[PDB]
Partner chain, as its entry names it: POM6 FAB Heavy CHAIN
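Encoded as structure tokens, the following chain is the form solved without the partner chain, with no partner shown.
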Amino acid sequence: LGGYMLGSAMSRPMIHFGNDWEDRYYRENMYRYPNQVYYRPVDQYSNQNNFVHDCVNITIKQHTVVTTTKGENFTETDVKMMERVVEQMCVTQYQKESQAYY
């Protein structure tokens, strides 16, 4: 609570998960995952990995409560996939954040 920022929405990338069943599952379900991230200001982290880790957890936690509010649930596959794409977005956010303030 408090201290968070919301990144701008990002184009959803084509993501390949390495097997036939997951690629299809992802293509069909990817709309259920965030297209923007919540994070704390980049200055508050010792490096990229630290920022990213927290950005991922914060974003997924908040997305999960809003999803629960709608009466929906994430499976273990959902969490694994969401983790991956949110990680990509957090990396992009850090790079942009790191560039600013530098």
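Residue numbers count along the first chain shown, from 1.
Checklist entry - Would 29-37 or 45-53 have the larger average of its C-alpha temperature factors, as given in the entry? => result The stretch with the larger average C-alpha B-factor is 45-53.
Checklist entry - Got a sec? Mean C-alpha B-factor, which is higher, 16-24 or 74-82? => result The entry gives the higher C-alpha B-factor average to 74-82.
Checklist entry - Compared with the other modelled residues in the chain, in which third is the CA B-factor of residue 59? => result Answer is lowest: the recorded C-alpha B-factor places it there.
Same protein, other form: the form solved in complex with the partner chain, not shown, and the subject of what follows.
Item to check | Sequence-ordered list of residues in 73-93 near the partner chain in the bound PDB entry, where near means a heavy atom within 4.5 Å | outcome: The stretch touches the partner through 75, 76, 77, 79, 80, 83, 87.
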